[PDB]
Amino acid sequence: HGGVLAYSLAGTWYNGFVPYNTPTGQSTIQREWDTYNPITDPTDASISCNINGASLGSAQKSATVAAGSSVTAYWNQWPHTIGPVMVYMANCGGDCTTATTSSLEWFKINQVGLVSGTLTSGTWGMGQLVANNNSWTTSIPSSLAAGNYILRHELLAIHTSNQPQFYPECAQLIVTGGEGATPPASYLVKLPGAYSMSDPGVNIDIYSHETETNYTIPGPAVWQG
């Protein structure tokens, strides 16, 4: 329970949205997310940028960063330790502030699932996130084409048998520089669309598979540039 409260993007601090408070008056690079609760339906309409995922209009900011830049997301004191961490991006195809995030083409730039051990006693990316000051650091691909992008962080907590808990947040970026590269169509997915309850990593009971050492992370392959 929680989410991304703030960012450090290419050396600069950015405040995130404050959940449970009204969006009126708030100003952030982050899309509006209203509660600490997970999205439990993998096909939920708002799974791209959480509920309500709304733009802040004139108060909506965007972080300008070079392709190749390091981007860090900071969480609350995150209480869950079992499941993957995933970082996605999507071209807004225009202004991000006016973009419907559920219509975008999402590609994955970083993930860490089961690093070693078994589902129930192993090391997960989410455990690594907690251990690293409740934060996750990865780079925007060096080659990425300049443009307007959403940067999306997602935690999939799978500690409750057969109930996935998706915790997504979105931040608006202006990506500068780069080398004009775009991910091929095979890396691109929709949100919702990418996930379902037939995915082995989504509809999972870890407690009936306590010697299992494989975990196929849901969603597409990672596009590193």
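Don't overthink the numbering: it's just position in the shown sequence, from 1.
- Averaged over their C-alpha atoms, the temperature factors of 175 to 183 and 26 to 34 are higher for 175 to 183.
- As listed in the deposited structure, the average C-alpha B-factor of 159 to 167 and of 53 to 61 is greater for 53 to 61.
- In the deposited coordinates, the residue among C96, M86, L114, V130 with the greatest CA B-factor is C96.
- When the C-alpha B-factors of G147, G122, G125, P79 are read from the PDB record, the largest value belongs to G147.
- Placement of the Cα temperature factor of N203 within the chain: lowest third of the modelled residues, per the deposited record.
- The entry lists a Cα temperature factor for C92 that places it in the highest third of the chain's modelled residues.
- For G2, the recorded CA temperature factor ranks within the middle third of the chain's modelled residues.
- In the deposited entry, the Cα temperature factor of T137 sits in the bottom third of values across the chain's modelled residues.
- Remark: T213 belongs to the middle third of its chain, ranked by C-alpha B-factor as recorded.
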